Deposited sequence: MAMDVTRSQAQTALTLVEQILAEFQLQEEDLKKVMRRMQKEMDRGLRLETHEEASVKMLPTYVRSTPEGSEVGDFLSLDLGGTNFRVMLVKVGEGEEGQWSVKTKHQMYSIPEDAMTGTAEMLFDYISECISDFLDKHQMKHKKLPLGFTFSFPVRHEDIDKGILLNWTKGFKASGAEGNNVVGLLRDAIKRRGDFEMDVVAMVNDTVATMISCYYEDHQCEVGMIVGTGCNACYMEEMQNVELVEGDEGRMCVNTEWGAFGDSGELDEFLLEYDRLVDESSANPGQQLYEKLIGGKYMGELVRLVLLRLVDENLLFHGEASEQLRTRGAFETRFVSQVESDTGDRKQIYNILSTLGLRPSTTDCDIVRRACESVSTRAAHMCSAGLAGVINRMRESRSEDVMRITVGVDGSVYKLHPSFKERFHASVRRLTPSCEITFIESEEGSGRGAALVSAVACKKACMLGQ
């Protein structure tokens, strides 16, 4: 074995390593659900106030917001023998509107809503609005929720500890250009699950593998100790990205993981997500390549100023390197632009490094989902379940979903799992929750 492959081997996780991760995820999930341990629990298991229901929704036009990254989305969902039609617009949030105040961020969002309404000839219409807000929140109801903390590099001031729906409403009123009834606020896991439920009624799990990584599932109300009642089920936002925040993953953490965390916007937070999320994947690869260079095993021990810059190795490059046919052309072109003159062997090392990071991400992720699924099987006493999935890592990365599917099946012995790749899920599902909520409001 080459010294390179001896270093890459550190990413490997045995079936027993994954079973240990899965069991600990289940223990941490149990801790978040119980009133006695909820405050100390790293995995928060936050109640969403989205309850189980077999009823049809309200008919009409529903507006949707999807805030969870730099690219923000506004959707119009037309609900009408049910038919669900969508119209969207994408918006890139500038750095100044993501690092300033919450007011600045919500004013940018409102400006985009106004633009959407203009482009779709509906500035004079007062519509119900579903808001997908992909950050940890403590809900008081389906339409009231306090931001616990920012994740994925978001850092707008005056948002944490405040009602997110109130910040949205305040920004709309300050603008005075249009009117809207914010009827619902959901996590993107929740919106993905709801959106996929419309296609398949067996869907009771929502999972995101994009910039960040999280999961939601339909929990029995008696197990949801933070909401009074035992009748029916409620969707629970695990916020499993925070798994490992109380040492649960310390035995598995590599030097690359510590460095990624130390230089991140949230040191010591979202440690499990930092192993999987597309926000960190490219950076993990960069750090690995630099260790190989420093050990005189890659690029003749010489790295460019670009390769030595945090963020230079983009998560899309990881996906691109793995999509290479074998001629090493795609790999060469990524590395040439990065200011390197790589050999055929260097290109191959880069691919092996990308595969080591992405395979670990898929495996670590499968241990988490297996924990949720096996926990559901036990609560419901051969389990047939559908999991709704969204995110660029799962949808676009070569063989991420293949490795993840295989690994998750190995870990869930008496379960028959169906995966639904959600197209617009993260946004459409907020409008569907809004349409169901509207029955009462």
Quiz item: Unmodelled stretches of the deposited sequence, numbered from 1?
Solution: 1 to 13, 94 to 98, 400 to 401, 462 to 466
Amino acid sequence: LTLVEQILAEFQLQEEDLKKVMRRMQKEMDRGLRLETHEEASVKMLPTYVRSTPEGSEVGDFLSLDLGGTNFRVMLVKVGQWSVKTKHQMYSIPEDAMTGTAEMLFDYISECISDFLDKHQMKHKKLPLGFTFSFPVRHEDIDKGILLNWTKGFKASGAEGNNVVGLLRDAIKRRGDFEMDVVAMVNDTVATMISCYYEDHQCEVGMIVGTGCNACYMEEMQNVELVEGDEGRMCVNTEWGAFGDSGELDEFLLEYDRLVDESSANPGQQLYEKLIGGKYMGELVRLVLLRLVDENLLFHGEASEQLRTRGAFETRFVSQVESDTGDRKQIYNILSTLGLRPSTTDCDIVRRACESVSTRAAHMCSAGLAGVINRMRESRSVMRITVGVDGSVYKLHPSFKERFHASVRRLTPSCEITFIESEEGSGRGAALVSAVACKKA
From here on, numbers count along this sequence of modelled residues.
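Rigid core (definition): largest C-alpha set, two forms, superposition within 1.5 Å.
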Practice problem: May I ask which stretch, 86 to 94 or 300 to 308, sits farther from the shown form in 8 other deposited structures of this protein once every structure is superposed on the core, judging by RMS CA distance? | Solution: 86 to 94
Practice problem: Taking the root mean square of C-alpha distances over all structures and residues in 8 other deposited structures of this protein, with a rigid core superposition, name the larger of 320 to 328 and 164 to 172. | Solution: 164 to 172
Practice problem: For the higher mean C-alpha B factor in the entry, choose 279 to 287 or 82 to 90. | Solution: 82 to 90
Self-check item: Given 352 to 360 and 233 to 241, the range whose Cα B-factors average higher in the PDB entry
Solution: 233 to 241
Practice problem: Please work out which residue in 224, 293, 168, 112 has the highest C-alpha B-factor recorded for this crystal structure. | Solution: 224
Practice problem: Could you tell me which one of 70, 392, 64, 42 shows the highest CA temperature factor in the PDB record? | Solution: 70
Quiz item: residue 107's Cα B-factor: lowest, middle or highest third of the chain?
Solution: middle
Exercise. Sort the modelled residues of this chain by their C-alpha B factor and say whether residue 417 lands in the lowest, middle or highest third.
Key: highest
Practice problem: Could you look up the Cα B-factor of residue 435 in the entry and say which third of the chain it sits in: lowest, middle or highest? | Solution: middle
Exercise. Going by the recorded CA B-factors, say which third of the chain residue 1 sits in, lowest, middle or highest.
Key: highest
Exercise. Sorting the chain's modelled residues by C-alpha B-factor, tell me whether residue 21 ends up in the lowest, middle or highest third.
Key: highest
